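Note on naming: letters A, B, ... go to the chains in the order of the sequence lines (proteins, then strands), and numbering restarts at 1 for each one.
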Amino acid sequence: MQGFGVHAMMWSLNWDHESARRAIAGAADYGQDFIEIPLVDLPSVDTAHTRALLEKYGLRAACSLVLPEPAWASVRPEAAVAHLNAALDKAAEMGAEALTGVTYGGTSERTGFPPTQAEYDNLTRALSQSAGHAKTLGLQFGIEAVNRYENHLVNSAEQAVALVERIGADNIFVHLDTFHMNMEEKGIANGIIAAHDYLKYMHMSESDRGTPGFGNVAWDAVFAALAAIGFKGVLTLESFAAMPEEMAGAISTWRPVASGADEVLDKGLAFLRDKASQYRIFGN
Amino acid sequence: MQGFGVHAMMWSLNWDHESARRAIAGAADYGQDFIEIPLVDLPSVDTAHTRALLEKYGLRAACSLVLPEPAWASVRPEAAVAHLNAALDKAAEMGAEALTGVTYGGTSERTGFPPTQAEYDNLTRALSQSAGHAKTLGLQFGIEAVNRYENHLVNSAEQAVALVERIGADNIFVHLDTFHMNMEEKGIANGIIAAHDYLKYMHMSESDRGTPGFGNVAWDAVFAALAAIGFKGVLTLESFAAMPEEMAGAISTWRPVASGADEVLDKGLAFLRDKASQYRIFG
Amino acid sequence: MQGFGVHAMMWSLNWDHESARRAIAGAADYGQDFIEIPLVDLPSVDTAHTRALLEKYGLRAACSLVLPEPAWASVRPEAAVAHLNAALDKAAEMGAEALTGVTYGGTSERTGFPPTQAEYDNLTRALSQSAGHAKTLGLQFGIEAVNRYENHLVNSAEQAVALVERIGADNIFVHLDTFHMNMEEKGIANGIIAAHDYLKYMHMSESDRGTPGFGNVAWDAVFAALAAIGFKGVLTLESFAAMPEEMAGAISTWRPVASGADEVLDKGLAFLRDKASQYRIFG
Amino acid sequence: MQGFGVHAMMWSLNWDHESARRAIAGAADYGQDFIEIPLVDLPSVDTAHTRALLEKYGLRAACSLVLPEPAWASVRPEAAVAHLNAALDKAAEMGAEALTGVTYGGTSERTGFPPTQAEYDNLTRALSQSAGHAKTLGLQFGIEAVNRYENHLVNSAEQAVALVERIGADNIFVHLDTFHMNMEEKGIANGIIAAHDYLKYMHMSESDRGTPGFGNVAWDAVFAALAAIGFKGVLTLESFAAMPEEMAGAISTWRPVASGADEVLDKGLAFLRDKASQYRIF
Ligand SMILES: O=C(CO)[C@H](O)[C@H](O)[C@H](O)CO
Ligand SMILES: O=C(CO)[C@H](O)[C@H](O)[C@H](O)CO
Ligand SMILES: O=C(CO)[C@H](O)[C@H](O)[C@H](O)CO
Ligand SMILES: O=C(CO)[C@H](O)[C@H](O)[C@H](O)CO
Ligand SMILES: [Mg+2]
Ligand SMILES: [Mg+2]
Ligand SMILES: [Mg+2]
Ligand SMILES: [Mg+2]
């Protein structure tokens, strides 16, 4: 997987037949290599219609999700593997090449205590199976680190690497998010350096989830590190500029993050491409 | 209220006799003008002892707090006023010059929805009462903006200014935190600029709660904005480097933020001092 | 003088009749409020032609120059006054609102020694007289600070301010350039802050003279300081992307700075507008 | 060659017996692994005395110079080789492990035109010879890129790499300077990235030649790049804080760069060490 991506959330998080059409077609209009398709309601995902759309617009896909609470792997590793395998099935049916995101827990997950090795054993058992399942489908399996307020288990790139190395699969990659690294990494570039080998996917997101280029992410440190490690993965824009008011609680976002989705699509995607160009990402 | 401050959490969040002594003495060893004293359990605090130690060590103080959930002002405004007024009595008894922090709500406060006008009405009425009570004590009253994961009501400087202006009280000030602004402000310095009439207190906190100067906060933008708006208040280091493991759930902190408090104190307080001098803060 | 400007060097440094139309039309084409028109040798400039085009395309103008060595005010103040006064006449004729740039010396000027008081006296005498002439013509007079390798006299905003204060005119303003400030200012925002009473003109120039947004200028600190001090002048793009190889020695530019002027105009002018909006420079 | 260095200009560029003592003792007092010793007046240096002071305080050294104008390699390549080998002999006698700096030209060198192929042919010839002489001495040979106003020949990391590769020697490294990179590199970390194969030496220098961490150099981008490419050479602080006012012309510095050398050494070396630890450089 290599190139520029846009998260389907730039148009919607639904994936009914015309939500899929609007996001895929729009991602083709912005000349992206990949679209990131959220898997929220797995039953209501039409993989044949989606695959038809992807092939019509010449667009590759990766899938992402956050584990719902019944399926959090730190406490319920068996419902985790169930949910993760049923989402991998839908991702493979659809033509997507990977499942990534918060595949090990929730974005509202909290015990009140530090992570315990029992929790990590649960994560390791659950994730080694669903990754093994991903292998049979030819898929790669992503682990995205999020900030301390969303999850207590995988916050830094170092925790993500250590978890990957414990599972010991060969198709798991580390997925990092500049919105989360802006808090969790002691110098954002250290997260990219720490993940080095396993880093194949980036959420390129401004510090306020608005427009990359107009916030506090140190983008020159980010692209410097990405270039110097020889990154050949996907750079996917993630912004909450299109998120509906209905979604506020699920993303702890209580006010507008930007002026509107189309300005974020214009200025944000151009910014990532221009900055990729300045640092010769993919220039080898 | 002007100068360099350090939050007492660099030594402990506890405030019994021995922790009070250790925190105040520590602040004095690092030449600070202010110590920020947290008010967690008001009955367990010996204000006259604290007052005597502040004078012995020649230290000024600000108190700070987070409202416990029975007293969140957005839903329980009358309980908020009772808790804040008792907190202000203890602050005044200590000889503190202000009560600041999350004086309007919690740091685990969330409705699941955007803040409503009713919630802001409750906040407005409650804080007018307690700032009024603060005024009778000779104390200023601060509103600290915190990030979207801790509270849904006051996240950006603009929300803080707007609430301050709704209250209309002459002794309220905006209190900004670089850790929170690093997420909430569209360009951190825009927060300082938005708040320029009311900004009198800063938490200078690195983006990972570690050591200022060694993370993701754009300190030159912070210090330029502070200098250009003419800032005259207190610059208070806040770091989690001394926090005990038992605090983890309270501060949503799951792993060490730095090596130890002694290094954060040494390097972080010097970094703040050297940047202030570079940008001629305070002249 | 307020708004968004672009230097005519994005199309050519020659101001013959058709260079002027393609420069004025280009700046009009990119929505700019101002064009900055260079005055290299004054007899070459057809002022009647230019005022017509400025009227036609709805475009205001400022003129800029660098003193030629026979007229360096450091050493030859009366030659400087004659040169400045003649350029002021041409600027007034074509309807420019100001003459700015290195109006006090050269961009390859040095003595091998730090600037002396006698040198500043010569500078004061010349700029005093020529700023008076400019005042009679309704024109403001600008002094642009440049880095230590171009000139030994006016490098920091502080030096520019102190000179403007010496002269005591009311129509002299400080002109700063982010390319030179990136070297000269101890924290780029400190230059803007130092000039807050006099800053009416910016060259917004990337650290390598390329494209704003793609270099080492800390634009967040630049724009925050501009907003915080309430800047109301002109933000003018300076880039060398259109300079021909034959200008190399005059601008110490030995290799490409970008991939053509059109890209710099597209991305650089948009960047300055987008950042000015982020920090509410003009509303 | 690895560790933290300080340029002897922090105490003086005169290398008489007492100034060498003050400098080398100073760099020891600040716990440095290296001191960078400038070579300007060759007959005035006691190599035996310096080697002694180095070995006494357990300090490693690299030498640096700028070519005097009669020996600018671009136009006078035979004079350049003569001068470089002379400095190299002195460097090896001192116990230094490399000769670096503007070893190919001047800091006021200017033709009025962009660099020519003929000039680069001259550079390649003189540098390949003098690097050959360095190898027989057990020394490495450094090439420092400087900004467009001091030199028209080696300004970007990319030009330094191209030159190094055309010489084809084993013991030539690229040497960068954040003060010059802050003007020349399109994103300062791009210079470190482009020079990755050959970068063995840094001048860690603030944008105004003052105190590192208190100017415009994007230090997190610098250190990120250095960490990400696996840099394992020398980080040497360069600052004009100790320079006398009679040096102004040689360095085009017309006003103080900081309040004093002592605070630059105290704050700058501390800042570089703290950032090096933050990014796990060594
Ligand atoms: O950034 C994220 C939320 O913290 C993750 O990328 C989520 O998966 C996001 O909602 C996209 O699926
Ligand atoms: O930053 C903060 C938490 O969000 C607060 O300022 C402190 O933790 C608290 O208010 C101090 O009493
Ligand atoms: O930047 C400048 C000189 O270094 C000035 O703005 C000049 O006016 C510009 O180069 C055109 O002469
Ligand atoms: O940065 C430099 C001059 O521009 C070089 O490091 C000089 O050679 C310095 O004086 C070293 O001796
Ligand atoms: Mg993400
Ligand atoms: Mg705080
Ligand atoms: Mg200029
Ligand atoms: Mg150097």
Side-chain angles (χ1 to χ4, degrees), chain A residues 145 156-158 176-196 199 202-207 212-231 235 271-272 274-281, chain B residues 182-183 187-188 206-208 210-222, chain C residues 207 213-221, chain D residues 176 178 181-182 185-194 196 202 204 207 212-213 215-231 271-272 274-281:
Chain A
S156 66
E158 272 228 328
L176 296 180
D177 189 317
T178 57
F179 172 83
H180 296 303
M181 288 183 274
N182 188 50
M183 176 175 298
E184 301 301 328
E185 307 300 331
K186 187 179 297 288
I188 190 162
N190 273 325
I192 294 167
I193 295 156
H196 206 309
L199 188 65
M202 289 288 299
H203 275 170
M204 304 296 269
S205 179
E206 200 38 271
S207 51
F214 302 88
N216 301 306
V217 166
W219 289 109
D220 294 290
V222 167
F223 279 88
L226 285 173
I229 67 164
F231 178 87
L235 304 176
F271 176 83
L272 296 185
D274 297 329
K275 283 288 163 178
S277 186
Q278 178 187 359
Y279 289 88
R280 304 293 222 119
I281 314 289
Chain B
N182 200 52
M183 174 174 291
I188 183 147
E206 193 42 81
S207 58
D208 66 345
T211 314
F214 305 85
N216 296 312
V217 169
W219 291 106
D220 288 306
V222 176
Chain C
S207 48
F214 301 86
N216 307 314
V217 168
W219 292 105
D220 283 303
Chain D
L176 299 179
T178 54
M181 279 191 277
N182 198 48
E185 308 291 349
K186 197 187 288 298
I188 184 164
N190 270 324
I192 286 144
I193 288 162
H196 80 112
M202 292 287 303
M204 308 296 269
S207 56
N216 302 316
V217 166
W219 288 110
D220 289 296
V222 166
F223 275 91
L226 284 168
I229 73 158
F231 175 75
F271 175 80
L272 292 178
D274 291 342
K275 282 287 161 182
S277 157
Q278 183 195 352
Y279 283 84
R280 313 206 32 232
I281 296 312

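Between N182(A) and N216(A), the side chains place no donor N or O within less than 3.5 Å of an acceptor N or O (distance only, hydrogens not considered).
With sequence neighbours excluded, the residues forming a ring-ring contact (aromatic ring centres under 6.0 Å, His included) with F271(A) are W219(A), listed by chain and number. Under the rule for a side chain to side chain donor-acceptor pair (under 3.5 Å), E158(A) has no partner lying at least two apart in sequence or in another chain. Under the side chain to side chain contact (heavy atoms under 4.5 Å, CB included) criterion, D177(A) pairs with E144(A), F179(A), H180(A), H203(A), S205(A), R209(A), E238(A), not counting sequence neighbours. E185(D) meets the side chain to side chain contact (heavy atoms under 4.5 Å, CB included) test with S156(D), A157(D), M181(D); sequence neighbours excluded. Partners of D274(D) under the salt bridge (charged side-chain N to carboxylate O under 4.0 Å, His left out) rule, at least two apart in sequence or in another chain, are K267(B). In terms of the side chain to side chain donor-acceptor pair (under 3.5 Å) criterion, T211(B) has no residue partners (sequence neighbours excluded). Residues satisfying the side chain to side chain contact (heavy atoms under 4.5 Å, CB included) criterion with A224(A), sequence neighbours excluded, are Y279(A), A189(D), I193(D).
Side chains of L226(A) and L199(A) form a contact here, defined as non-hydrogen atoms less than 4.5 Å apart. At a threshold of 4.5 Å between non-hydrogen side-chain atoms, the residues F223(D) and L272(D) count as touching. Using a 4.5 Å heavy-atom threshold, the side chains of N190(A) and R280(D) count as separate. The shortest side-chain heavy-atom distance between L235(A) and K275(A) does not fall under the 4.5 Å cut-off.
The heavy-atom pair separating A228(A) from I229(D) by the smallest distance is CB-CG2, 3.8 Å. Scanning both residues, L176(A) and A195(A), for their nearest heavy atoms gives CD1-CB, 3.9 Å. Pairing each heavy atom of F214(B) with each of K186(A), the nearest pair is O-CG, 3.3 Å. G215(D) approaches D220(B) most closely through the heavy-atom pair O-OD2, 4.1 Å.
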Next on the checklist: Could you walk me through whether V217(D) and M204(D) satisfy the side-chain contact (heavy atoms from CB on, under 4.5 Å) test, starting with their C-alpha distance in whole Å, then the side-chain angles of each, then the deciding distance to 0.1 Å, before giving a yes or no?
Outcome noted: CA-CA 9 Å; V217(D) 166; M204(D) 308 296 269; over 6 Å; no

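Distance check: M183(A) CE to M183(B) CE gives 3.5 Å after rounding to the nearest 0.5 Å.
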